[PDB]
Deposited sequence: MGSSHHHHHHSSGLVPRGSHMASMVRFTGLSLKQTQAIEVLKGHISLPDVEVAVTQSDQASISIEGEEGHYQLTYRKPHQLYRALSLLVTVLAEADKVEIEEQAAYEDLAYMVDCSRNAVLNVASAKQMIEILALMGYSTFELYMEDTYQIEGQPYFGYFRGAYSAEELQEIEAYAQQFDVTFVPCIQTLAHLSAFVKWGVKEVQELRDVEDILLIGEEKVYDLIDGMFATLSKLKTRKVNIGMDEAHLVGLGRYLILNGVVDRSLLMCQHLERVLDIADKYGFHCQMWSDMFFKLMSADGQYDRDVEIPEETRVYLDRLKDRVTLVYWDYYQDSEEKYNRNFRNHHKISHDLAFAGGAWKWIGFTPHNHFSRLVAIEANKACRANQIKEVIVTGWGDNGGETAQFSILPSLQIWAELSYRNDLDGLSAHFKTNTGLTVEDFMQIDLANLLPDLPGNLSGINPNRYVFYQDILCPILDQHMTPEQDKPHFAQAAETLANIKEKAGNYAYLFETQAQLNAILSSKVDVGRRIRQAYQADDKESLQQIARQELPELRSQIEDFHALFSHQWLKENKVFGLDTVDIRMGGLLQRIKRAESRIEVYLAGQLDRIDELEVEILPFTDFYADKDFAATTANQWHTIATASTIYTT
């Protein structure tokens, strides 16, 4: 490959990208042109390539390397969105380690994204605030800089997303006057407390070390704001006016460092509210609605409050171990259309990691590529081709990663058997009324097999599929094991009961142990160590609870127990097709109390 008209930065950028795409031996004249977002015209080895914004160069490289795998080229793209971002969750225990950010950045550049974002509640370090990020693998000064300089190498912008009021639970739990006197109630900060605004200066001082001056201050919906220690200290007061007062301060502080802020639309007296509108850009986030009409309605409502407005679509990796690229696809197609129709200039793909961040960071590349293709092409013609160029796997192959979520009974958001079938108890299976083993067992077994095959097309992403394979395997047996223990018990089939206890549940422990190793592997590749411990604890307990099932059945079989109380209890519906959406661990694993004091 000999490209003309390129720079030194572009060349070093393209050297790293060589580790992803295989460039052909061709003459290529690269030049910046406003003509279109991306353009390529050529034949017989010589091809002229153009881009408006420099980061489009790297997607153009992916488009070229693709076409020239077959044909000897007429390509033109007119991008819909001025900005296209992906936002990694780094506050739910999964802290994306620095080597994984780079890879991420690399992939994103080839994809067409202009922006990279990290969501960091307490998970960046702040001078003179030792409890903030304490043992949570918080990013340091230099770490955030390294990551941003790397995004700079591809002309991709970095944007930290933080929280200036609520969603700081990991921080506020620490019982020291320094932390506790910053608190309103639950996860929220004490509004009006000068010490709280000291910390908010802290937040910005640290972020000002960066080159970016774009930030998401957060300021999401926190229902008890003003209602806890605020009430004791100050009496009943107008909660809308309390919120504004706070937002006014935070924005003044940002302006001190010259930050231009964004915040979640959730919060949005009126003269207070119309004044602070001008200073900020609201993000309407929606990961659920399945129609263009429902989005167009919501856009219309946010346009009544403000037109300075970005959209936050979603790549579903916040429901346990297994993402949902299939659902993501469905909502992106519909959101893009509504974003387009409503002149939305900015789109943020969010990859939250609710309840422990157990889904792999890279599991959502399809969803990312989908949004990229929607933006530049307005359709999914080049999706798989460009995707296989970018990852070395077909997008249909890659999306089978979802399988542990794809029960046939099921399109609609967040049915997550991947997680609730895995952490459910054995002796006390409270999700049992939501299994159809007639349908679920053979589905899970087939997935294991499929995923096993795909592990082998998967390259340096194989670790993802190896984990899902092992998972699905566990679920095909585990989905009804407890039900089978009940049916055996209720028929006094001690023979079968023995088989399960003596042979089946220890296998399950091995399989689960096996799962833990692969998961631990996945985690340390992708993330810092910190947070993993939560997972240790949770499967430790699952495993020990498997030992209980074994021990309780043996004492019975040995005549040392008259009944077995657990199995006597009649299982109710866990919540209100049979499946459902249960995504809190402590509540899947037991009906006992584990958080109450």
| Where does the model have holes with respect to the deposited sequence? | 1-24, 97, 294-312, 455-456, 623-628
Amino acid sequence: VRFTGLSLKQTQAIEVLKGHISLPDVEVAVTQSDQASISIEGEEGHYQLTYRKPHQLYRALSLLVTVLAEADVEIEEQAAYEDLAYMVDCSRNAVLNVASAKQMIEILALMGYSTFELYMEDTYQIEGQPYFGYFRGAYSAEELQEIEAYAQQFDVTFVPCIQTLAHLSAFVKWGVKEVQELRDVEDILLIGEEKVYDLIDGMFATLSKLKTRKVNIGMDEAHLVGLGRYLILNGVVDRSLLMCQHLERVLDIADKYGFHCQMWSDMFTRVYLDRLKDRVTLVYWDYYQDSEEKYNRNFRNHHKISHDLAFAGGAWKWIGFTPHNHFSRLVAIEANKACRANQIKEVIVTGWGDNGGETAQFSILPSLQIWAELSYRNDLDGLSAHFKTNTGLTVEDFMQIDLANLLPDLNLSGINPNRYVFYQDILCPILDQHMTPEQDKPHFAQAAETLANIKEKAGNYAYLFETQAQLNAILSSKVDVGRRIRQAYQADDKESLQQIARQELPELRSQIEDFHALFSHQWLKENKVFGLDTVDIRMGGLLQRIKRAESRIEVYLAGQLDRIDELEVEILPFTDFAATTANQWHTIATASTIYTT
From here on, numbers count along this sequence of modelled residues.
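Here the rigid core means the biggest group of C-alpha atoms that line up within 1.5 Å when the two forms are laid on top of each other.
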| request: Name the stretch, 341-349 or 221-229, whose C-alpha atoms sit farther from the shown form on average in 5 other deposited structures of this protein, taking the rigid core as the superposition reference. | output: 221-229
| task | After fitting on the rigid core, pick out whichever of 520-528 or 295-303 shows the bigger RMS C-alpha deviation in 5 other deposited structures of this protein. | result | 295-303
| Mean Cα B-factor comparison, 320-328 or 502-510, giving the higher one as deposited | 502-510
| Comparing 270-278 with 118-126, which stretch shows the greater average C-alpha B-factor in the deposited entry? | 270-278
| Member of 358, 493, 402, 526 with the greatest C-alpha B factor (per the PDB record) | 493
| field | Residue, from 137, 314, 408, 112, that the PDB entry assigns the highest Cα B-factor | value | 408
| query | Can you tell me which third, lowest, middle or highest, the CA B-factor of residue 543 falls into for its chain? | reply | lowest
| query | What third of its chain, lowest, middle or highest, does the C-alpha temperature factor of residue 26 fall into? | reply | highest
| task | Report the third (lowest, middle or highest) to which the CA temperature factor of residue 552 belongs, ranking only the modelled residues of the same chain. | result | middle
| query | Looking at the C-alpha B-factor of residue 597, is it in the lowest, middle or highest third of its chain? | reply | middle
| Hey, what third does residue 585 fall into on Cα B-factor, ranked over its chain? | lowest
